[PDB]
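Participant: One file is attached below, work-v6.pdb, containing PDB, C-alpha atoms.
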```
ATOM      1  CA  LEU A 213      -4.077   0.476 -16.923
ATOM      2  CA  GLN A 214      -3.628  -0.934 -20.450
ATOM      3  CA  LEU A 215      -0.749  -3.335 -21.197
ATOM      4  CA  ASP A 216       0.616  -4.652 -24.505
ATOM      5  CA  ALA A 217       0.693  -8.456 -24.084
ATOM      6  CA  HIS A 218       3.612  -8.966 -26.525
ATOM      7  CA  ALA A 219       5.625  -5.985 -25.401
ATOM      8  CA  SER A 220       8.707  -6.440 -23.271
ATOM      9  CA  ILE A 221       8.244  -6.246 -19.509
ATOM     10  CA  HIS A 222      10.366  -3.038 -19.655
ATOM     11  CA  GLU A 223       7.658  -1.480 -21.826
ATOM     12  CA  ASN A 224       4.820  -2.589 -19.566
ATOM     13  CA  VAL A 225       6.470  -1.576 -16.275
ATOM     14  CA  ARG A 226       7.117   1.869 -17.801
ATOM     15  CA  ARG A 227       3.441   2.055 -18.580
ATOM     16  CA  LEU A 228       2.728   1.239 -14.917
ATOM     17  CA  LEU A 229       5.003   4.042 -13.721
ATOM     18  CA  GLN A 230       3.471   6.448 -16.235
ATOM     19  CA  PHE A 231       0.085   5.555 -14.780
ATOM     20  CA  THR A 232       1.115   5.753 -11.091
ATOM     21  CA  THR A 233       3.105   8.984 -11.388
ATOM     22  CA  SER A 234       0.140  10.564 -13.236
ATOM     23  CA  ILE A 235      -2.010   9.551 -10.227
ATOM     24  CA  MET A 236       0.495  11.240  -7.877
ATOM     25  CA  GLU A 237       0.411  14.403  -9.934
ATOM     26  CA  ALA A 238      -3.406  14.409 -10.314
ATOM     27  CA  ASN A 239      -3.812  14.264  -6.553
ATOM     28  CA  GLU A 240      -1.491  17.085  -5.561
ATOM     29  CA  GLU A 241      -4.142  19.883  -5.747
ATOM     30  CA  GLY A 242      -6.761  18.099  -3.624
ATOM     31  CA  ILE A 243      -4.114  17.534  -0.949
ATOM     32  CA  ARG A 244      -2.926  21.155  -1.088
ATOM     33  CA  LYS A 245      -6.534  22.529  -0.958
ATOM     34  CA  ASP A 246      -7.417  19.925   1.670
ATOM     35  CA  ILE A 247     -10.560  18.806  -0.226
ATOM     36  CA  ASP A 248     -10.521  15.536   1.641
ATOM     37  CA  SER A 249      -8.370  12.671   2.878
ATOM     38  CA  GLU A 250      -8.887  10.427  -0.191
ATOM     39  CA  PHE A 251      -6.401  12.485  -2.268
ATOM     40  CA  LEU A 252      -3.424  11.759  -0.013
ATOM     41  CA  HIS A 253      -4.587   8.185   0.271
ATOM     42  CA  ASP A 254      -4.552   7.652  -3.513
ATOM     43  CA  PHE A 255      -1.198   9.479  -3.720
ATOM     44  CA  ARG A 256       0.246   6.965  -1.134
ATOM     45  CA  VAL A 257      -1.307   3.925  -2.864
ATOM     46  CA  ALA A 258       0.353   5.000  -6.147
ATOM     47  CA  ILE A 259       3.750   5.242  -4.443
ATOM     48  CA  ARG A 260       3.306   1.920  -2.576
ATOM     49  CA  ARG A 261       2.311   0.125  -5.781
ATOM     50  CA  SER A 262       5.264   1.693  -7.731
ATOM     51  CA  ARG A 263       7.795   0.676  -5.044
ATOM     52  CA  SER A 264       6.329  -2.836  -4.735
ATOM     53  CA  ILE A 265       6.374  -3.609  -8.473
ATOM     54  CA  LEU A 266       9.828  -2.075  -9.068
ATOM     55  CA  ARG A 267      11.191  -4.261  -6.281
ATOM     56  CA  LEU A 268       9.351  -7.481  -7.350
ATOM     57  CA  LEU A 269      10.590  -6.896 -10.954
ATOM     58  CA  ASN A 270      14.146  -5.853 -10.142
ATOM     59  CA  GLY A 271      16.339  -6.164 -13.317
ATOM     60  CA  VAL A 272      13.911  -4.403 -15.688
ATOM     61  CA  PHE A 273      15.751  -1.052 -15.522
ATOM     62  CA  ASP A 274      19.433  -0.102 -15.247
ATOM     63  CA  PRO A 275      20.579  -0.660 -11.612
ATOM     64  CA  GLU A 276      21.426   2.983 -10.878
ATOM     65  CA  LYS A 277      17.987   4.143 -12.200
ATOM     66  CA  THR A 278      16.189   1.452 -10.152
ATOM     67  CA  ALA A 279      17.901   2.368  -6.821
ATOM     68  CA  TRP A 280      17.396   6.101  -7.507
ATOM     69  CA  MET A 281      13.617   5.589  -8.139
ATOM     70  CA  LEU A 282      13.240   3.308  -5.132
ATOM     71  CA  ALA A 283      15.140   5.621  -2.781
ATOM     72  CA  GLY A 284      13.224   8.681  -4.071
ATOM     73  CA  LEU A 285       9.835   6.956  -3.730
ATOM     74  CA  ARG A 286      10.688   5.672  -0.267
ATOM     75  CA  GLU A 287      11.525   9.201   0.898
ATOM     76  CA  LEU A 288       8.390  10.644  -0.824
ATOM     77  CA  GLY A 289       6.262   8.029   0.947
ATOM     78  CA  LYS A 290       8.002   8.907   4.264
ATOM     79  CA  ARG A 291       7.104  12.618   3.791
ATOM     80  CA  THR A 292       3.354  11.641   3.649
ATOM     81  CA  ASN A 293       3.306   9.566   6.867
ATOM     82  CA  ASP A 294       2.617  12.228   9.511
ATOM     83  CA  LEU A 295      -0.150  14.002   7.592
ATOM     84  CA  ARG A 296      -1.780  10.630   6.710
ATOM     85  CA  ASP A 297      -1.844   9.591  10.419
ATOM     86  CA  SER A 298      -3.413  12.948  11.301
ATOM     87  CA  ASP A 299      -6.204  12.600   8.714
ATOM     88  CA  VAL A 300      -6.761   8.963   9.592
ATOM     89  CA  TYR A 301      -7.205   9.290  13.353
ATOM     90  CA  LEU A 302      -9.404  12.353  13.137
ATOM     91  CA  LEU A 303     -11.612  10.325  10.763
ATOM     92  CA  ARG A 304     -11.970   7.685  13.442
ATOM     93  CA  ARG A 305     -13.495  10.305  15.827
ATOM     94  CA  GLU A 306     -17.155   9.196  15.721
ATOM     95  CA  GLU A 307     -16.072   5.535  15.799
ATOM     96  CA  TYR A 308     -13.632   5.858  18.725
ATOM     97  CA  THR A 309     -16.030   7.774  21.013
ATOM     98  CA  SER A 310     -18.622   5.109  20.198
ATOM     99  CA  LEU A 311     -16.548   2.318  21.746
ATOM    100  CA  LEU A 312     -16.430   4.153  25.081
ATOM    101  CA  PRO A 313     -18.835   4.396  28.019
ATOM    102  CA  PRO A 314     -20.492   7.861  27.708
ATOM    103  CA  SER A 315     -18.558   8.804  30.881
ATOM    104  CA  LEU A 316     -15.118   8.378  29.249
ATOM    105  CA  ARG A 317     -16.192   9.988  25.932
ATOM    106  CA  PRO A 318     -15.551  13.644  26.858
ATOM    107  CA  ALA A 319     -11.989  12.823  28.006
ATOM    108  CA  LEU A 320     -11.162  12.241  24.332
ATOM    109  CA  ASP A 321     -11.617  15.921  23.466
ATOM    110  CA  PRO A 322      -8.017  16.986  24.287
ATOM    111  CA  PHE A 323      -6.808  13.958  22.256
ATOM    112  CA  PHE A 324      -8.758  15.090  19.170
ATOM    113  CA  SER A 325      -7.809  18.754  19.587
ATOM    114  CA  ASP A 326      -4.125  17.611  19.649
ATOM    115  CA  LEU A 327      -4.768  15.624  16.435
ATOM    116  CA  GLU A 328      -6.297  18.768  14.789
ATOM    117  CA  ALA A 329      -3.188  20.786  15.750
ATOM    118  CA  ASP A 330      -0.993  17.993  14.307
ATOM    119  CA  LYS A 331      -3.076  17.950  11.114
ATOM    120  CA  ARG A 332      -2.449  21.717  10.649
ATOM    121  CA  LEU A 333       1.304  21.405  11.127
ATOM    122  CA  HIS A 334       1.711  18.308   8.945
ATOM    123  CA  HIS A 335      -0.476  19.777   6.220
ATOM    124  CA  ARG A 336       1.727  22.861   6.094
ATOM    125  CA  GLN A 337       4.940  20.793   6.153
ATOM    126  CA  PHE A 338       3.843  18.498   3.351
ATOM    127  CA  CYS A 339       2.444  21.289   1.127
ATOM    128  CA  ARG A 340       5.707  23.200   1.472
ATOM    129  CA  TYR A 341       7.467  20.016   0.359
ATOM    130  CA  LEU A 342       5.097  19.609  -2.625
ATOM    131  CA  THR A 343       5.787  23.198  -3.798
ATOM    132  CA  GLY A 344       9.578  22.948  -3.436
ATOM    133  CA  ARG A 345      12.354  22.096  -5.846
ATOM    134  CA  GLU A 346      13.481  18.792  -4.399
ATOM    135  CA  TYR A 347      10.016  17.274  -5.059
ATOM    136  CA  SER A 348       9.530  18.917  -8.465
ATOM    137  CA  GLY A 349      13.078  18.049  -9.560
ATOM    138  CA  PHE A 350      12.436  14.428  -8.632
ATOM    139  CA  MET A 351       9.071  14.235 -10.430
ATOM    140  CA  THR A 352      10.386  15.963 -13.603
ATOM    141  CA  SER A 353      13.396  13.596 -13.789
ATOM    142  CA  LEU A 354      11.143  10.624 -13.108
ATOM    143  CA  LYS A 355       8.653  11.539 -15.863
ATOM    144  CA  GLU A 356      11.566  12.182 -18.247
ATOM    145  CA  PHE A 357      13.109   8.803 -17.398
ATOM    146  CA  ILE A 358       9.922   6.803 -17.711
ATOM    147  CA  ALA A 359       9.471   8.270 -21.241
ATOM    148  CA  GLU A 360      12.581   6.289 -22.354
ATOM    149  CA  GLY A 361      11.542   3.248 -24.266
ATOM    150  CA  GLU A 362      15.078   2.149 -25.170
ATOM    151  CA  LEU A 363      16.065  -1.190 -23.592
ATOM    152  CA  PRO A 364      18.939  -0.987 -21.141
ATOM    153  CA  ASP A 365      22.131  -3.158 -21.039
ATOM    154  CA  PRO A 366      20.853  -6.696 -20.627
ATOM    155  CA  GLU A 367      23.924  -7.720 -18.560
ATOM    156  CA  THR A 368      22.927  -5.593 -15.572
ATOM    157  CA  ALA A 369      19.214  -5.323 -16.495
ATOM    158  CA  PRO A 370      18.609  -8.995 -17.416
ATOM    159  CA  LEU A 371      14.832  -8.922 -17.099
ATOM    160  CA  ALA A 372      14.164  -5.940 -19.391
ATOM    161  CA  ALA A 373      13.814  -7.663 -22.806
ATOM    162  CA  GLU A 374      11.677 -10.590 -21.559
ATOM    163  CA  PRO A 375       8.116 -11.048 -22.780
ATOM    164  CA  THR A 376       5.480  -9.754 -20.374
ATOM    165  CA  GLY A 377       3.276 -12.908 -20.463
ATOM    166  CA  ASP A 378       6.162 -15.069 -19.325
ATOM    167  CA  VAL A 379       7.075 -12.625 -16.529
ATOM    168  CA  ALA A 380       3.415 -12.260 -15.513
ATOM    169  CA  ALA A 381       2.806 -16.018 -15.130
ATOM    170  CA  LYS A 382       6.136 -16.644 -13.377
ATOM    171  CA  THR A 383       5.811 -13.806 -10.833
ATOM    172  CA  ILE A 384       2.183 -14.352  -9.933
ATOM    173  CA  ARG A 385       2.767 -18.087  -9.563
ATOM    174  CA  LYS A 386       5.777 -17.409  -7.292
ATOM    175  CA  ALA A 387       3.808 -14.857  -5.227
ATOM    176  CA  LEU A 388       0.942 -17.324  -4.677
ATOM    177  CA  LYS A 389       3.489 -20.018  -3.782
ATOM    178  CA  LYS A 390       5.106 -17.699  -1.166
ATOM    179  CA  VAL A 391       1.677 -17.083   0.434
ATOM    180  CA  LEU A 392       0.959 -20.832   0.766
ATOM    181  CA  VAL A 393       4.415 -22.022   1.817
ATOM    182  CA  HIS A 394       4.302 -19.266   4.510
ATOM    183  CA  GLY A 395       0.639 -19.690   5.526
ATOM    184  CA  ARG A 396       1.235 -23.437   5.978
ATOM    185  CA  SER A 403       2.055 -15.504  15.284
ATOM    186  CA  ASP A 404       2.139 -11.678  15.108
ATOM    187  CA  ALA A 405       5.287 -11.927  12.935
ATOM    188  CA  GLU A 406       3.679 -14.671  10.869
ATOM    189  CA  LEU A 407       0.551 -12.578  10.185
ATOM    190  CA  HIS A 408       2.502  -9.346   9.463
ATOM    191  CA  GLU A 409       4.661 -11.154   6.888
ATOM    192  CA  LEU A 410       1.769 -13.077   5.348
ATOM    193  CA  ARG A 411      -0.150  -9.832   4.909
ATOM    194  CA  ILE A 412       2.719  -8.486   2.832
ATOM    195  CA  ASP A 413       2.823 -11.727   0.807
ATOM    196  CA  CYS A 414      -0.870 -11.101  -0.091
ATOM    197  CA  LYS A 415      -0.319  -7.380  -0.921
ATOM    198  CA  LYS A 416       2.485  -8.386  -3.302
ATOM    199  CA  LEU A 417       0.244 -10.962  -4.939
ATOM    200  CA  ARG A 418      -2.546  -8.409  -5.230
ATOM    201  CA  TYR A 419      -0.304  -5.721  -6.768
ATOM    202  CA  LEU A 420       0.861  -8.152  -9.481
ATOM    203  CA  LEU A 421      -2.745  -9.097 -10.248
ATOM    204  CA  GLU A 422      -3.749  -5.496 -10.577
ATOM    205  CA  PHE A 423      -0.650  -4.646 -12.633
ATOM    206  CA  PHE A 424      -1.226  -7.589 -15.027
ATOM    207  CA  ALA A 425      -5.077  -7.488 -15.140
ATOM    208  CA  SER A 426      -5.391  -6.299 -18.783
ATOM    209  CA  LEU A 427      -3.645  -9.514 -19.938
ATOM    210  CA  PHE A 428      -6.490 -11.618 -18.652
ATOM    211  CA  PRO A 429     -10.178 -12.176 -19.169
ATOM    212  CA  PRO A 430     -11.787  -9.773 -16.561
ATOM    213  CA  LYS A 431     -13.841 -12.634 -15.087
ATOM    214  CA  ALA A 432     -10.888 -14.610 -13.749
ATOM    215  CA  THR A 433      -9.031 -11.646 -12.257
ATOM    216  CA  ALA A 434     -12.119 -10.927 -10.142
ATOM    217  CA  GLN A 435     -12.641 -14.631  -9.312
ATOM    218  CA  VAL A 436      -9.060 -14.684  -8.029
ATOM    219  CA  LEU A 437      -9.377 -11.430  -6.091
ATOM    220  CA  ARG A 438     -12.654 -12.548  -4.487
ATOM    221  CA  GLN A 439     -10.864 -15.775  -3.570
ATOM    222  CA  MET A 440      -8.191 -13.816  -1.671
ATOM    223  CA  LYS A 441     -10.553 -11.278  -0.151
ATOM    224  CA  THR A 442     -11.212 -12.799   3.279
ATOM    225  CA  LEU A 443      -7.585 -13.820   3.732
ATOM    226  CA  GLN A 444      -6.719 -10.171   2.916
ATOM    227  CA  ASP A 445      -9.439  -8.736   5.121
ATOM    228  CA  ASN A 446      -8.216 -10.850   8.042
ATOM    229  CA  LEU A 447      -4.563  -9.878   7.697
ATOM    230  CA  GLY A 448      -5.245  -6.204   6.857
ATOM    231  CA  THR A 449      -7.513  -5.660   9.897
ATOM    232  CA  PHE A 450      -5.091  -7.510  12.173
ATOM    233  CA  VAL A 451      -2.209  -5.250  11.092
ATOM    234  CA  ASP A 452      -4.272  -2.039  11.095
ATOM    235  CA  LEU A 453      -5.405  -2.758  14.673
ATOM    236  CA  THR A 454      -1.795  -3.428  15.687
ATOM    237  CA  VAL A 455      -0.859  -0.052  14.160
ATOM    238  CA  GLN A 456      -3.730   1.760  15.911
ATOM    239  CA  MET A 457      -2.714   0.185  19.249
ATOM    240  CA  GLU A 458       0.933   1.236  18.690
ATOM    241  CA  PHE A 459      -0.241   4.807  18.103
ATOM    242  CA  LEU A 460      -2.585   4.915  21.108
ATOM    243  CA  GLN A 461       0.104   3.386  23.235
ATOM    244  CA  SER A 462       2.442   6.243  22.329
ATOM    245  CA  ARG A 463      -0.146   8.969  22.895
ATOM    246  CA  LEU A 464      -0.292   7.865  26.557
ATOM    247  CA  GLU A 465       3.275   8.900  27.407
ATOM    248  CA  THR A 466       2.436  12.495  26.339
ATOM    249  CA  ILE A 474      -6.138  10.978  34.150
ATOM    250  CA  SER A 475      -9.499  10.991  32.352
ATOM    251  CA  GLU A 476      -7.871  11.041  28.874
ATOM    252  CA  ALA A 477      -5.640   8.168  30.082
ATOM    253  CA  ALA A 478      -8.718   6.121  31.006
ATOM    254  CA  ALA A 479     -10.310   6.802  27.598
ATOM    255  CA  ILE A 480      -7.180   5.717  25.647
ATOM    256  CA  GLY A 481      -6.705   2.690  27.917
ATOM    257  CA  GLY A 482     -10.334   2.159  26.903
ATOM    258  CA  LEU A 483      -9.721   2.239  23.116
ATOM    259  CA  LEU A 484      -6.498   0.266  23.510
ATOM    260  CA  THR A 485      -8.275  -2.478  25.428
ATOM    261  CA  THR A 486     -11.165  -2.587  22.954
ATOM    262  CA  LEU A 487      -8.785  -2.873  19.954
ATOM    263  CA  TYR A 488      -6.629  -5.529  21.641
ATOM    264  CA  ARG A 489      -9.762  -7.602  22.256
ATOM    265  CA  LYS A 490     -10.928  -7.454  18.637
ATOM    266  CA  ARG A 491      -7.378  -8.155  17.398
ATOM    267  CA  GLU A 492      -7.346 -11.466  19.301
ATOM    268  CA  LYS A 493     -10.677 -12.482  17.750
ATOM    269  CA  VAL A 494      -9.369 -11.580  14.260
ATOM    270  CA  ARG A 495      -6.291 -13.633  15.125
ATOM    271  CA  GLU A 496      -8.305 -16.690  16.212
ATOM    272  CA  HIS A 497     -10.238 -16.733  12.925
ATOM    273  CA  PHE A 498      -7.121 -16.810  10.698
ATOM    274  CA  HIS A 499      -6.418 -20.550  10.504
ATOM    275  CA  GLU A 500      -9.929 -21.375   9.335
ATOM    276  CA  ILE A 501      -9.644 -18.768   6.569
ATOM    277  CA  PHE A 502      -6.215 -19.662   5.219
ATOM    278  CA  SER A 503      -7.111 -23.381   5.330
ATOM    279  CA  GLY A 504     -10.101 -22.607   3.098
ATOM    280  CA  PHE A 505      -7.959 -20.544   0.745
ATOM    281  CA  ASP A 506      -5.239 -23.288   0.707
ATOM    282  CA  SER A 507      -7.347 -25.525  -1.518
ATOM    283  CA  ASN A 508      -7.337 -27.297  -4.902
ATOM    284  CA  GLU A 509     -10.044 -24.903  -6.187
ATOM    285  CA  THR A 510      -7.857 -21.862  -5.536
ATOM    286  CA  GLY A 511      -4.989 -23.416  -7.525
ATOM    287  CA  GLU A 512      -7.363 -24.033 -10.462
ATOM    288  CA  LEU A 513      -8.681 -20.463 -10.504
ATOM    289  CA  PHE A 514      -5.087 -19.321 -11.032
ATOM    290  CA  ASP A 515      -4.630 -22.001 -13.768
ATOM    291  CA  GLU A 516      -7.612 -20.459 -15.549
ATOM    292  CA  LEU A 517      -6.182 -16.934 -15.157
ATOM    293  CA  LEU A 518      -2.646 -17.759 -16.264
ATOM    294  CA  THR A 519      -3.411 -20.350 -18.950
ATOM    295  CA  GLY A 520      -1.713 -19.748 -22.304
ATOM    296  CA  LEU A 521       0.664 -17.114 -20.946
TER     297      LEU A 521
END
```
As structure tokens, how would this structure be written, given the file I've shared?
Facilitator:
Amino acid sequence: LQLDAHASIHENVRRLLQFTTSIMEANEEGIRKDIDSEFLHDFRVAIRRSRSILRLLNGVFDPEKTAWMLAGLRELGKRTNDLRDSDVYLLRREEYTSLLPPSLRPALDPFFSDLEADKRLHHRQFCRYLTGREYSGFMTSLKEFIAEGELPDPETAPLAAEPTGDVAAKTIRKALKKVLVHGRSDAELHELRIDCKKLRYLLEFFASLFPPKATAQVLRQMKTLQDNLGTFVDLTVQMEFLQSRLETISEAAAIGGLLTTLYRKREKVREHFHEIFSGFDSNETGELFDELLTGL
């Protein structure tokens, strides 16, 4: 993504949406033809990033347009959830049967055949949504709206006319601050993980304003904090799923198996958090951001 450093933040956020919506549209065929699971993944990342930035930078667009985009994107994202789960868990097939004693492994067959049936249903549901008018009406209106370069009423869109550099340095700095304030359980790790996502999204949005070498230095600096939190949440999610699948004797032993194995690992991940954040919460970190943001 290529930003104009002296353009208003309204201009640069529009450029972001142009970019992310073009990703959504580019990935529709691969999803519909079921080429592989990466297409839906990239489609979801584009939505998540759009929603995140539009919310972090509230006041860049007219308030009615902002709520309309956010509500539309939220519902679009929601539409992708069931199909994404289906792809995701089927992809864990080799891995899941590898955690189990060879005696519990065959009891996972009905579980994966259920997943394949779910995949078929969700694929059809989502494709029917992608080829309908509600989706295409939304996307057409969205593209049309993001083509509008004219600045909105600054009374109710007070951020729109501000210079990007200013906004970039202020928002990143505040996002880093939130991470540290908050880092200094379960609920603490879930929240902190979102703090880091929000920081990462801003970095990736604003990257073309920086020298390449300091964006990477900063993202490498965050990487183990983000790996910790991301794995901890993903395992929680997996456990929540496997939990639910139980309510619906061999198969039960197998899932109790996976559940137990993932709970174990999640506690180890947990235990290693404090070390990692304490290493991130350093004077060096705060300098690396100084170097990134200097002169903005």
Participant: Ranking A:292, A:486, A:224, A:352 by minimum distance to residue 256 in chain A and counting only C-alpha atoms, which one comes first?
Facilitator: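 The shortest atom-to-atom distance to residue 256 in chain A comes from A:292.
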Participant: Quick one: residues within 8 Å of range 338-345 of chain A, only C-alpha atoms, excluding same-chain residues fewer than 4 positions away - as a ChimeraX atom specification?
Facilitator: /A:240,243-244,291-292,295,334,349
Participant: Please enumerate the residues selected by the PyMOL selection byres ((chain A and resi 353-368) around 9) when evaluated against the supplied file, formatted as a CSV table (one decimal) with C-alpha atoms, in the frame of the given file.
Facilitator:
```
chain,number,residue,atom,x,y,z
A,222,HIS,CA,10.4,-3.0,-19.7
A,223,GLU,CA,7.7,-1.5,-21.8
A,226,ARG,CA,7.1,1.9,-17.8
A,227,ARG,CA,3.4,2.1,-18.6
A,229,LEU,CA,5.0,4.0,-13.7
A,230,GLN,CA,3.5,6.4,-16.2
A,233,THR,CA,3.1,9.0,-11.4
A,234,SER,CA,0.1,10.6,-13.2
A,271,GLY,CA,16.3,-6.2,-13.3
A,272,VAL,CA,13.9,-4.4,-15.7
A,273,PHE,CA,15.8,-1.1,-15.5
A,274,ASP,CA,19.4,-0.1,-15.2
A,275,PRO,CA,20.6,-0.7,-11.6
A,277,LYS,CA,18.0,4.1,-12.2
A,281,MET,CA,13.6,5.6,-8.1
A,348,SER,CA,9.5,18.9,-8.5
A,349,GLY,CA,13.1,18.0,-9.6
A,350,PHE,CA,12.4,14.4,-8.6
A,351,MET,CA,9.1,14.2,-10.4
A,352,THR,CA,10.4,16.0,-13.6
A,369,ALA,CA,19.2,-5.3,-16.5
A,370,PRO,CA,18.6,-9.0,-17.4
A,371,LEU,CA,14.8,-8.9,-17.1
A,372,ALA,CA,14.2,-5.9,-19.4
A,373,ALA,CA,13.8,-7.7,-22.8
```
Participant: Take the PyMOL selection byres ((chain A and resi 519) around 12), apply it to the structure above, and return the hits as a ChimeraX atom specification.
Facilitator: /A:377-378,380-382,385,427-429,432,511-518,520-521
Participant: Measuring atom to atom with only C-alpha atoms, identify which of A:451, A:434, A:421, A:311 is nearest to residue 485 in chain A.
Facilitator: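 With only C-alpha atoms as the atom set, the closest residue is A:311.
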Participant: Apply the PyMOL selection byres ((chain A and resi 252) around 9) to the file shown and report the selected residues as a PyMOL selection string.
Facilitator: chain A and resi 236+239-240+242-243+248-251+253-257+292+295-296
Participant: One decimal, Å: what's the distance from CA of residue 329 in chain A over to CA of residue 258 in chain A, could you say?
Facilitator: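 Value for the CA of residue 329 in chain A-CA of residue 258 in chain A distance: 27.2 Å.
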Participant: Ranking A:452, A:500, A:406, A:422 by minimum distance to residue 301 in chain A and counting all atoms listed in the file, which one comes first?
Facilitator: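 Distance minimum relative to residue 301 in chain A lands on A:452.
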Participant: Show me, as a count of residues only, the residues that have an atom within 12 Å of residue 439 in chain A when counting all atoms listed in the file, minus same-chain residues fewer than 5 positions from it.
Facilitator: 20
Participant: With all atoms listed in the file as the basis for distance, which of A:308, A:498, A:424, A:323 is at the shortest distance from residue 411 in chain A?
Facilitator: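 Of the candidates, the smallest distance to residue 411 in chain A is held by A:498.
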Participant: I'd like to know which of A:267, A:328, A:238, A:320 is closest to residue 460 in chain A, using all atoms listed in the file.
Facilitator: A:320
Participant: Can you work out which one of A:487, A:425, A:392, A:455 has the shortest atom-to-atom distance to residue 508 in chain A, counting all atoms listed in the file?
Facilitator: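 Answer, going by the shortest atom-to-atom distance: A:392.
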Participant: Report, in Å to a single decimal, how far apart CA of residue 374 in chain A and CA of residue 213 in chain A are.
Facilitator: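 We find that CA of residue 213 in chain A and CA of residue 374 in chain A lie 19.8 Å from each other.
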